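**Q** The structure follows.
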Amino acid sequence: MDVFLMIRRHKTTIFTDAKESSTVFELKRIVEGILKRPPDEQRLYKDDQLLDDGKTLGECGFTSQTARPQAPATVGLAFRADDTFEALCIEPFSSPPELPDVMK
Amino acid sequence: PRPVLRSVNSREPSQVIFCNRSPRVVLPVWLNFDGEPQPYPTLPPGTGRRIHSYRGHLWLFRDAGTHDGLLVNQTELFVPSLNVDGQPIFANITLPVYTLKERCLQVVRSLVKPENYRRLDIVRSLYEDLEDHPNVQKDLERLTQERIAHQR
Amino acid sequence: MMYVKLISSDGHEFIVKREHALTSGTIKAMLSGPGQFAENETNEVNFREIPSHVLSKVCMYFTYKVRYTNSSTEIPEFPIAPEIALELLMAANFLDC
Amino acid sequence: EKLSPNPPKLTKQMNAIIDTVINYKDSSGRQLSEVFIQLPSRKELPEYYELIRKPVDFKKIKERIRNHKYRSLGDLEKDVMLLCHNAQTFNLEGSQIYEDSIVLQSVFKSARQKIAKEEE
Ligand SMILES: Cc1ncsc1-c1ccc(CNC(=O)[C@@H]2C[C@@H](O)CN2C(=O)[C@@H](NC(=O)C2(F)CC2)C(C)(C)C)c(OCCOCCOCCN2CCN(c3cc(-c4ccccc4O)nnc3N)CC2)c1
């Protein structure tokens, strides 16, 4: 089954899909084709949990019920540049205004 | 027996299964012999019922609360196909893929009383969009004009 | 696949499949238009009036639309929180999607 | 001198039978007589009046017991059977109305037979 994700780093969000049975490494190959960084230069996270290459997306907790087209799951992304390992940093999106009185 | 979109008084029984595969309370709507819409008992989300209809009888399905249009076997109208060797005819009711605009109008209409539409801080053209509520009559007109234009 | 970049008023960059962005009539018109140097199409769109909380939500709609349009898989509802409804309505109206 | 009412026993038997038919609920608790209490009007359903020569409903039957139009249980039976056959002729085999009217004929015959078994 398909899982729908948002791969996020700083102010960049990639919208992509993969199978529940596909691995973290295969997801890194998708990011490679878009951002041109090989898998060994990438670290993927679920919240603050670093994701292991050999694990399937389903084993990471990305299922059809938690990673939907209309409500994708967030995958955090940090780059390694040789001896450099940046801290995982995802910039939050903006906030809507306060709900108007006529909508309460 | 006058409009293009109407049931035919066939008097040929046809067993149909109405299956609500949408998260909405469904209102089945039968078009009578004069093409006038008739409300039938509603179907809760996930419910199916084996019902009795007739060959050439025309149906459409709406959200019972808001009259938002729904699909039946991936289309707007349902007329049972040939009832072969007693087999019932299946009518699978689902949500359409609404445009983002239509879906937003639906959500706003569900939260805002019609007297308060014009209090919303949105472009003026959007007040008439909110006020242009889904209606089976306008849909019958669009579907009639589609068929009439198609007859060329 | 081919991807495009959509940029919110607050500078968030959303990378989505070109086919998914083409769901918007406004984006379709903007991408079809001539690009830079010899390119005949565009791959980047800047929205100076659509913030990131709304634009991310629009991209989720593009994913939902392409996944469920002409499908036999039962269709779920596209959810919209009350707090984002007005801004999302304004974005959908502008975007023609 | 035919202004004469039916003996109280005959009216009591007619009403007991018709009440059993009208009050009958299937195993799901549905009162099968609901649709048959009052006919659709000529304007609501003209196709009914174009096909059915002698329309009748349980309201006109109860009315015919009160105003002594039926002079025997057989007269009552003829009209209940007419109601049921009208419903069957109009709606045809397969419809719920057709099926409900079949059960109501059976409920009428059981009630009629209960009255027979109580006299002799
Ligand atoms: C459970 C549930 N959940 C979700 S949807 C649903 C559901 C689905 C179906 C039905 C019943 N089926 C139908 O009404 C089908 C559908 C369509 O094809 C049209 N049609 C018909 O029978 C037509 N028949 C014909 O074309 C013919 F019969 C001529 C061939 C009419 C013209 C409408 C009668 C249902 O039924 C329960 C709810 O009722 C629906 C609303 O209808 C109310 C109006 N109607 C009630 C019945 N009535 C009749 C009364 C009598 C009658 C009354 C008193 C005494 C004697 C009688 O014979 N006889 N026949 C009738 N049809 C006419 C008015 C509930």
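Chain labels A, B, ... are given in the sequence in which chains occur in the structure tokens; within each chain residues are numbered consecutively from 1, and ligands are likewise numbered from 1 in the order shown.
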For a quick test of understanding: name the residues of chain A lying within 9 Å of chain C when counting only C-alpha atoms, and present them as a list in words.
**A** residues 4, 10, 11, 12, 13, 14, 15, 16, 34, 68, 69, 70, 71, 72, 91, 92, 93, 94, 95, 96, 97, 98, 99, 100 and 103 of chain A
**Q** With C-alpha atoms kept, could you save the residues just selected as a short mmCIF file (atom, residue, chain, number, x, y, z; two decimals), in the first residue's frame?
**A**
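This is the output file result06.cif:
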```cif
data_model
loop_
_atom_site.label_atom_id
_atom_site.label_comp_id
_atom_site.auth_asym_id
_atom_site.auth_seq_id
_atom_site.Cartn_x
_atom_site.Cartn_y
_atom_site.Cartn_z
CA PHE A 4 2.18 9.89 1.39
CA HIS A 10 14.62 24.14 7.04
CA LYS A 11 12.12 25.95 4.67
CA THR A 12 12.04 23.12 2.03
CA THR A 13 9.16 20.54 1.87
CA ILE A 14 9.17 17.70 -0.70
CA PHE A 15 5.78 16.06 -1.40
CA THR A 16 6.27 12.40 -2.28
CA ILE A 34 15.42 15.77 -6.33
CA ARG A 68 -2.59 9.85 3.66
CA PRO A 69 -2.68 11.90 0.35
CA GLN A 70 -4.83 14.59 2.12
CA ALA A 71 -2.85 14.35 5.42
CA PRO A 72 0.78 13.24 4.67
CA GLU A 91 11.11 25.73 10.09
CA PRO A 92 7.41 25.79 11.13
CA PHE A 93 4.76 26.92 8.67
CA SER A 94 2.84 30.17 9.31
CA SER A 95 -0.24 30.21 11.58
CA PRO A 96 -3.84 31.03 10.59
CA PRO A 97 -5.46 34.07 12.31
CA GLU A 98 -7.83 33.58 15.28
CA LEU A 99 -11.09 31.90 14.25
CA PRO A 100 -13.74 34.67 13.55
CA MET A 103 -17.41 30.66 12.71
#
```
**Q** Using only C-alpha atoms, select each residue of chain D with any atom at most 8 Å away from an atom of chain B, and give the selection as a PyMOL selection string.
**A** chain D and resi 91-96
**Q** Restricting it to N, CA, C and O atoms, dump the selection as a compact mmCIF listing (two decimals), in the first residue's frame.
**A**
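Now in selection.txt:
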```txt
# COMPACT_ATOMS: atom_id res chain seq x y z
N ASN D 91 -48.09 -2.75 -8.02
CA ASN D 91 -46.67 -2.76 -7.67
C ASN D 91 -45.90 -3.93 -8.23
O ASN D 91 -44.70 -3.79 -8.42
N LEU D 92 -46.57 -5.08 -8.48
CA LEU D 92 -45.98 -6.30 -9.08
C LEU D 92 -45.06 -7.04 -8.15
O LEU D 92 -44.62 -6.50 -7.14
N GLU D 93 -44.81 -8.33 -8.47
CA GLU D 93 -43.95 -9.25 -7.73
C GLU D 93 -42.58 -8.62 -7.57
O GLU D 93 -42.09 -7.99 -8.51
N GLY D 94 -41.99 -8.77 -6.38
CA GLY D 94 -40.66 -8.22 -6.10
C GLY D 94 -40.68 -6.98 -5.25
O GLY D 94 -39.72 -6.73 -4.51
N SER D 95 -41.75 -6.19 -5.32
CA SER D 95 -41.86 -4.98 -4.50
C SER D 95 -42.21 -5.33 -3.04
O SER D 95 -42.85 -6.35 -2.79
N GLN D 96 -41.80 -4.48 -2.08
CA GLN D 96 -42.09 -4.68 -0.66
C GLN D 96 -43.59 -4.60 -0.38
O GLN D 96 -44.09 -5.36 0.44
```
**Q** Output the contact residues of chain C with respect to chain B at a cut-off of 6 Å, based on only C-alpha atoms, as JSON, numbers by chain.
**A** {"C": [89, 92, 93, 97]}
**Q** Pull C-alpha atoms from the residues just selected and write them as a JSON list (two decimals), in the first residue's frame.
**A**
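So again_33.json came out as:
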```json
[["chain", "number", "residue", "atom", "x", "y", "z"],
["C", 89, "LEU", "CA", -11.10, 29.24, 0.07],
["C", 92, "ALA", "CA", -8.53, 27.83, -4.22],
["C", 93, "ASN", "CA", -10.48, 30.69, -5.82],
["C", 97, "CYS", "CA", -8.55, 24.25, -8.41]]
```
**Q** Choose the residue, out of B:138, B:152, B:57, B:6, that has the smallest atom-to-atom separation from ligand 1; count only C-alpha atoms and all ligand atoms.
**A**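 Among the listed residues, the smallest separation from ligand 1 belongs to B:57.
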**Q** Run DSSP on the backbone of this structure and report the residues of chain C it assigns to helix (DSSP H, G or I), as a short mmCIF file (atom, residue, chain, number, x, y, z; two decimals) with C-alpha atoms, in the first residue's frame.
**A**
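Ended up saving to part-v7.cif:
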```
data_model
loop_
_atom_site.label_atom_id
_atom_site.label_comp_id
_atom_site.auth_asym_id
_atom_site.auth_seq_id
_atom_site.Cartn_x
_atom_site.Cartn_y
_atom_site.Cartn_z
CA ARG C 18 4.64 18.92 -12.15
CA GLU C 19 1.50 16.75 -12.94
CA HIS C 20 0.17 17.39 -9.37
CA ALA C 21 0.68 21.24 -9.62
CA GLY C 25 -5.60 26.27 -13.61
CA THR C 26 -3.59 29.32 -12.46
CA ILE C 27 -0.35 27.24 -12.01
CA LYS C 28 -1.01 25.43 -15.38
CA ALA C 29 -1.20 28.88 -17.09
CA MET C 30 1.98 30.10 -15.28
CA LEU C 31 4.06 26.97 -16.14
CA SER C 32 2.92 26.75 -19.80
CA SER C 52 3.02 28.36 3.95
CA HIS C 53 0.17 26.96 6.15
CA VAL C 54 -2.23 27.49 3.22
CA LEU C 55 0.20 26.48 0.38
CA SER C 56 1.16 23.19 2.15
CA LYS C 57 -2.61 22.44 2.41
CA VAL C 58 -3.10 23.23 -1.35
CA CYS C 59 -0.24 20.73 -2.18
CA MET C 60 -2.01 18.08 -0.02
CA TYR C 61 -5.14 18.76 -2.16
CA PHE C 62 -3.10 18.24 -5.37
CA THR C 63 -1.94 14.83 -4.00
CA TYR C 64 -5.51 13.88 -2.99
CA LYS C 65 -6.97 14.99 -6.38
CA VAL C 66 -4.47 12.99 -8.51
CA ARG C 67 -4.69 9.90 -6.21
CA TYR C 68 -8.51 9.76 -6.12
CA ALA C 85 -11.08 27.50 5.80
CA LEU C 86 -11.27 31.21 4.70
CA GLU C 87 -7.62 31.50 3.59
CA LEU C 88 -7.84 28.13 1.83
CA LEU C 89 -11.10 29.24 0.07
CA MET C 90 -9.31 32.44 -1.12
CA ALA C 91 -6.29 30.39 -2.33
CA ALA C 92 -8.53 27.83 -4.22
CA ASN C 93 -10.48 30.69 -5.82
CA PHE C 94 -7.22 32.41 -6.98
CA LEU C 95 -5.65 29.07 -8.05
#
```
